[PDB]
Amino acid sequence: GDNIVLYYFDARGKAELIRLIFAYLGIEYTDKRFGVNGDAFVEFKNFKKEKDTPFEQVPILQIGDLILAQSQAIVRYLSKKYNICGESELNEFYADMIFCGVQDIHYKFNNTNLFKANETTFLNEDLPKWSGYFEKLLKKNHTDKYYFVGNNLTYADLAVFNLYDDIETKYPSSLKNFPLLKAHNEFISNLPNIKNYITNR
């Protein structure tokens, strides 16, 4: 068995979804975070010397000496390996698509802040539009716990979960008008393995 190491900053950012997947699947790894105690940047600067990275960016997932970079690609990789990307060519596609939708609004969020005075337009206009998109998708199956794709958990379920979870750390629990989404995020929040990672966090 190869040693599994995850390199990133001492934050969620683009790394939390990978951490959730390892938790969901319960696979063990070292969660190496830069700047727990010292200067995150110096560590990162030296890391990029010591480690051979494609794009001088983290997350970096290391199995053995195999070096894997790009969080989305890591998630897709982790998901085939561990059977959470759906059971058909169509359903693999849908999961990918809804994950693509996630990283879009998830980016909009990491682009909203006080200084930019776009916090209300995010809250008032961006989010609800996207919450509605996911809501209408959970309605598409409607075919009972809550899955985006097929009748089994996929990484799109975690990604959606993580999106709203991360938003809920900046801004108010805003999912009243989206009952299916609200149910979906809680259902998955209370899966034993994820629920124990969360409270450990």
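One rule holds for the numbers: they count along the sequence shown, beginning at 1.
Unmodelled stretch separating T143 from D144: 4 to 9 residues (count of deposited-sequence residues without coordinates). Averaged over Cα atoms, the B-factor as recorded in the entry is higher for 187 to 195 than for the other of 7 to 15 and 187 to 195. When the CA B factors of the chain's modelled residues are split into thirds, the value for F134 lands in the lowest one. The deposited CA B-factor of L123 belongs to the highest third of values across its chain. Ranked by C-alpha B-factor against the other modelled residues of its chain, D157 falls in the lowest third.
In the deposited entry, the Cα temperature factor of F47 sits in the middle third of values across the chain's modelled residues. In the PDB entry, a CA B factor belonging to the lowest third of its chain's modelled residues is recorded for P59.
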